[PDB]
């Protein structure tokens, strides 16, 4: 039946430790597309609402790539074969770049993380994202990914977790669940354009990691850039490996 079919699909991804894939495969958020629901040899774990991720596994297949078209999406190939089809089909219509996966067995230095939180200057107020702050994070574009992948505020409060810094009554930095899975969250951090250079996103992240641990959740980091990897390293994460990714040109 349907459940057996999904078990087969999960095998196409195998041991691919990207928590967003786990989200899609677990069933509550994200979605899964295949070449043939009856005899699946190709799969896509598609996740997001404004920004997206498309993890492509199994046999390279053109139709799954078409699903990803027209979206503010990061395509992640399982292997060179997927990358080859992506380049073959879209050529200049796609932009190759490199992301950095971190190990999922992180040992965190709590004193260090609490220190980062504690060092925050006097006028900056750290808060957990609640019902009202959820909506606040949706107001400006810079902060939307902190909560925008959740269907509504209720799904965020139920399944998400985040924390924001306020300064003079405005949210100016945040760290929150870009996605959630059964045992953790995938972290997103953001700082407003006019509040750079103050270590705000590091402080938020420190706080979110502590809140995750306090709740027995694993806080996952997957870096979009080297600068992002450098910050993860300061938080206690270690690089797993650099990996191929693509975006539409």
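Numbering follows the first chain given and starts at 1.
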item	value
Comparing 56-64 with 212-220, the one whose average Cα B-factor in the PDB entry is higher	56-64
Of 182-190 and 41-49, the one with larger mean CA B-factor	41-49
Given 133, 85, 163, 147, the residue at which the Cα B factor reaches its maximum	85
Peak C-alpha temperature factor (PDB record), options 159, 139, 172, 101	139
Third of the chain, ranked by Cα B-factor, where residue 15 sits	highest
Position of residue 70 among the chain's modelled residues by C-alpha B-factor, lowest, middle or highest third	highest
Chain-wide C-alpha B factor ranking for residue 176, given as lowest, middle or highest third	lowest
